[PDB]
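Form deposited in one PDB entry, single chain, as structure tokens, below.
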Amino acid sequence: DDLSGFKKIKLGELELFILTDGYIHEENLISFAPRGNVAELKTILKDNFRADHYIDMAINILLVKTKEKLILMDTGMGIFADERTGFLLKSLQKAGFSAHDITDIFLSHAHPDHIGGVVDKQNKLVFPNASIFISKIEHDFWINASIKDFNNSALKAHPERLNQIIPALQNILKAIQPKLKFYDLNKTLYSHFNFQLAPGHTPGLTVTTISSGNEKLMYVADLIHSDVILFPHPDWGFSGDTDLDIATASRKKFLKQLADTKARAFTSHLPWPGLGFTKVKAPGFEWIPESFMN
């Protein structure tokens, strides 16, 4: 019933806490990977002993405790939560923290399942002491977004949904304006964090690298939404991508980079705890989850 939880890991100087907001039970598989083969999609699910009539997407969130900061990377569904989501604050509590402890929030992008937790249902800030970072491009996009921005998206099939969600996101952006900062894409922040754009899923989707000594972790957020489908088939796309073609280009760039460098990634939506490695495997890539003893 209570879907909250955390996992603590060490990253050199840093303490990391992986938090869960819950999960998304996606039952509409015809458009999950819009450019894919729906027979092959279900074969892959069954070859991995999973259900073939839905895909459960995790909502994994990273909390980073540095020497003087406590940083939350994304905030889950918040006001958009259903009964399977909105567990972030319970997870944070289990990890030993309350909302007032958070000093900084890094938003990877402004989708409902990432920005929803920054306010409550009266548009009041949840994290009273936190600066909130977003890319300038991401902000610029959503404050003026409309239906016609989604013509290269599977979402174009849902204009009524879009016409609901866009003003809701705009209202959140208005509420957080007094806390808002834009990433500097060319400077290290707080000694540990570097930011770069990976456009396509949204125009300003930001990937964060966390560094301590010879340890690096890349939070790639919504670059990829399925371990078993979109690593071998990155050109199949994802239902929520704002621009399918541009999202495919970013997905391929970062998968290639993760494979070439053997770097560990943290992901929003792959199975818990969302940590793993990327290898080339014709005709695409393969996700190798990190292994744990507990």
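The first residue of the shown sequence is 1; numbering continues from there.
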56-64 versus 33-41 - which carries the larger mean C-alpha B factor in the record: 33-41
Residue stretch of maximal mean CA temperature factor, 65-73 vs 228-236: 65-73
Residue, from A221, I210, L89, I165, that the PDB entry assigns the highest Cα B-factor: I165
Member of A110, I172, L217, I105 with the greatest C-alpha B factor (per the PDB record): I172
CA B-factor ranking of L270, expressed as a third of its chain: lowest
Chain-wide C-alpha B factor ranking for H114, given as lowest, middle or highest third: lowest
Chain-relative CA temperature factor third for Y190: highest
Within-chain third of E286 by Cα B-factor, per the entry: lowest
Record-listed C-alpha B factor of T85: chain third: lowest
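The protein also exists as the form deposited with a small molecule bound; that form is not presented, and the subsequent description refers to it.
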Contact test, all of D113, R161 and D222, partner the small molecule in the entry with it bound, heavy atom 4.5 Å: yes
In the entry with it bound, the one of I18, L11, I24, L275 near the small molecule [non-hydrogen atom within 4.5 angstroms]: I24
Contact assignment for the small molecule in the entry with it bound, among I143, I165, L180, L185, heavy atom within 4.5 Å: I165
Partner proximity in the entry with it bound: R251 to the small molecule, non-hydrogen atom cutoff 4.5 Å: no
Contact flag, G36 vs the small molecule in the entry with it bound, heavy atom cut 4.5 Å: no
Touches the small molecule in the entry with it bound: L155 (any heavy atom, 4.5 Å): yes
Exercise: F238 in contact with the small molecule in the entry with it bound, heavy atom 4.5 Å: yes
Contact stretch among 66-74, 222-230, 41-49, 252-260 - heavy atom within 4.5 Å of the small molecule in the entry with it bound: 222-230
